[PDB]
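Residue numbers (the deposited numbering): 1 to 275.
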Amino acid sequence: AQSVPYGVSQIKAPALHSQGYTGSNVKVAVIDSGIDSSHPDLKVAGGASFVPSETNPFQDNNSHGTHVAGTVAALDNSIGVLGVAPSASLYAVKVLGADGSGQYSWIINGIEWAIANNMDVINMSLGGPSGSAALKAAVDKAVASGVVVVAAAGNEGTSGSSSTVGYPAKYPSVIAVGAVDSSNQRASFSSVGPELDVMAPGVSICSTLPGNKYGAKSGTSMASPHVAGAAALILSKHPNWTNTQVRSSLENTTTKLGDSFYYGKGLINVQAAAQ
Ligand SMILES: [Ca+2]
């Protein structure tokens, strides 16, 4: 039978699905460790690999990318889980290796690929402590080209009074996503700062794993695809909305939680955001 992960329900995605809004024709790039295209609960439309030693974007030797992708778009059928936007056209942009790391050049190459390939939504469940002029340029260009760019805020917790949001999430053009649990409490690991935008479920998230498996993972990497998936639902209902509109809508209709330094604008509500 199919199971609906708590997180999907929490952001109110099923309300949209019931209406017939499921992300059809929206192109979402998962920039990560690849996607196992052999998984019966996923449908990969395309993609590219920028990892010099791992040239097939459709082999995920890590598991991270497959898991993120399932959150965005696990198919609505009689098996496994259900994604936020089950009808989305999913692209595997492999910029991380088997070990879950990757060079900035690889990551940037992936963003440039996504712009050139007309992705509607980019999901970056990754980050580093330092930025670069090239990293900023690429995210800025994507936004200027009308792409919705979403990224995990980071898993650095709190540190005195400073921001622990990593890059590229830290850049204003990118939506920075922090993690909450099923009770709406901020996860202890969730990065904090004035650059945090919104929260989404990120603790014990059940999704797809390579080799026709399913398992839970925790992290802001798990939170981000709920927002990428949400953007895809909005776009399926309002195809003419610009990325700016999508973003404002998501931020403006959240369920307010605690202070913005810890929760940003609050928990997204795709139902409210979709008007
Ligand atoms: Ca399924």
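Note that CB positions come from ideal geometry on N, CA and C, so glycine has one too.
Where residue i falls, given that 16 or more other Cβ within 10 Å makes a residue buried
i: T244; result: exposed
i: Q2; result: exposed
i: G160; result: exposed
i: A116; result: exposed
i: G7; result: buried
i: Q275; result: exposed
i: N123; result: buried
i: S207; result: buried
i: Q59; result: buried
i: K27; result: buried
i: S248; result: exposed
Residue i Cβ short of 8 Å to ligand 1 heavy atom set
i: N77; result: yes
i: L82; result: yes
i: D41; result: yes
i: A169; result: no
i: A74; result: yes
i: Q185; result: no
i: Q2; result: yes
Beta-ladder partner(s) of residue i, from DSSP
i: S49; result: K94
i: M199; result: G178, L267
i: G215; result: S207
i: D32; result: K94
i: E251; result: According to DSSP, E251 bridges with nothing at all.
i: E156; result: Beta-bridge pairing links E156 to no other residue.
i: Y167; result: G128
i: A151; result: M124, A176
i: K27; result: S89
In chain order, which alpha helix (DSSP H) runs of at least 4 residues are fully inside the region 70 to 131? Segments of the alpha helix (DSSP H) lying fully in the region 70 to 131: 104 to 116.
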